[PDB]
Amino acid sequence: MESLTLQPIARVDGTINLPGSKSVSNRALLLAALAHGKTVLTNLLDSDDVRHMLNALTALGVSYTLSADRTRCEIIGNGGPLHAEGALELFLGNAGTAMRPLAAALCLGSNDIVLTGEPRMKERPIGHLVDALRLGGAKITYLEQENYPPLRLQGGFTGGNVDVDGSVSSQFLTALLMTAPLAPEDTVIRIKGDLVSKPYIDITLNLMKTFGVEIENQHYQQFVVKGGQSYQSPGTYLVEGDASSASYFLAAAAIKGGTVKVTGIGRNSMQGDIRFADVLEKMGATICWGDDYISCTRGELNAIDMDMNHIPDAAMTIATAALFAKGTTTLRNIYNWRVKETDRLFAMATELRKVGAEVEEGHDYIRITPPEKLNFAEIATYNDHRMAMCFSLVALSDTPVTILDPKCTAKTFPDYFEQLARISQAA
């Protein structure tokens, strides 16, 4: 068991050029692979989740090249649905943005492919997506537990009237949206009831439009898709910096700045997590917006009580920032935290108590009352990059913190600790 101990950070100040967005990177790679023409992606993220997507594309026969730092990628588009037979197994780690999108995309035409991943991935739900794909004609088999990967995909998705549940994950709808335009028949995707974390659907539609495809969005209740379409290379495409990765640095300034500026995202970004800056502002920090930057300057930090379903990933950063705020913070409507890299409600509550907080783990919310002073703890990270990054903020106090398995940050941000250190000042 590897570990990293962070010594107390007296002040943070500086500029961070953000790594590329994981959400955008994996969507852009799949669309580039399906598209006609060569796509040159710049500022692509190099992390575990993107490497699993690249490996899957290689296994499916897609040709591409990567620059030395793996942030520039020239993809030779396949000009249509990807194919493989022989129950070829694609190992997708714990990458939801590879597993859900490929589960749908590979249902086009004929195929015989198996999608699997790490143990936790076999415990992350995919049943609602499989139900929708089957309504459209896909043949899918659960090889282990019903409603979870691994899946054996044998193709057959032709389109038609498909219902999909959007109450557990927005990724199921994202996967259907990217796939449907290439189906031979027109598709009408009806959302059964509620739709969680809607901003990710906006990211998906933005990327599809960049690749030449638009659909009819009827108030996020129904999506009308014309079949027989083709994705087209946009030529050169710049991947936005990651707004979720940015949260740690902006929060660091709200707690211990100084001013921290992150570049690569700005007011025009398509990522919902830029709204994390609004939460810091509501807590008392000062935010500055640019076309290609967002900065946060220390003001004060007061507890908040808010629905965080629109920014589930960045919301975890508020849970550790709450350790430094005045009053009790409550984050609500985050049941979805339970079905991600780990059950984040359980994990966050457990680790927060270790540093002294009084925490109520609600079924779908978390209430955090900070201690007068934090104490040292060895933080368990649950193979979850965000647990490591969120708890790194504990060091913006008088106590060091030890983070177990620090390399788990590589899922989305291999250089996280170096970057935090870049803005860490002793004076």
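Residue positions are given as counts along the sequence shown, with the first one as 1.
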Would you determine, from the values in the PDB entry, which of 191-199 and 252-260 has the greater average C-alpha temperature factor?
-> 191-199
Averaging the C-alpha B factors as listed in the entry, name the stretch that ends up higher: 321-329 or 154-162.
-> 154-162
Between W289, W337, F172, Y142, which one tops the list for C-alpha B-factor in the PDB entry?
-> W289
When the CA B-factors of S245, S167, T204, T350 are compared as recorded in the entry, which is the largest?
-> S167
In terms of the CA temperature factor given in the entry, to which third of its chain does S23 belong: lowest, middle or highest?
-> lowest
Among all modelled residues of this chain, ranked by Cα B factor, put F346 in the bottom, middle or top third, i.e. lowest, middle or highest.
-> lowest
Rank-wise, by C-alpha B-factor, drop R298 into the lowest, middle or highest third of its chain.
-> middle
Assert third(CA B-factor, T210) within chain per record equals middle
Quick tally, chain-level thirds of C-alpha B-factors: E281 sits in the middle
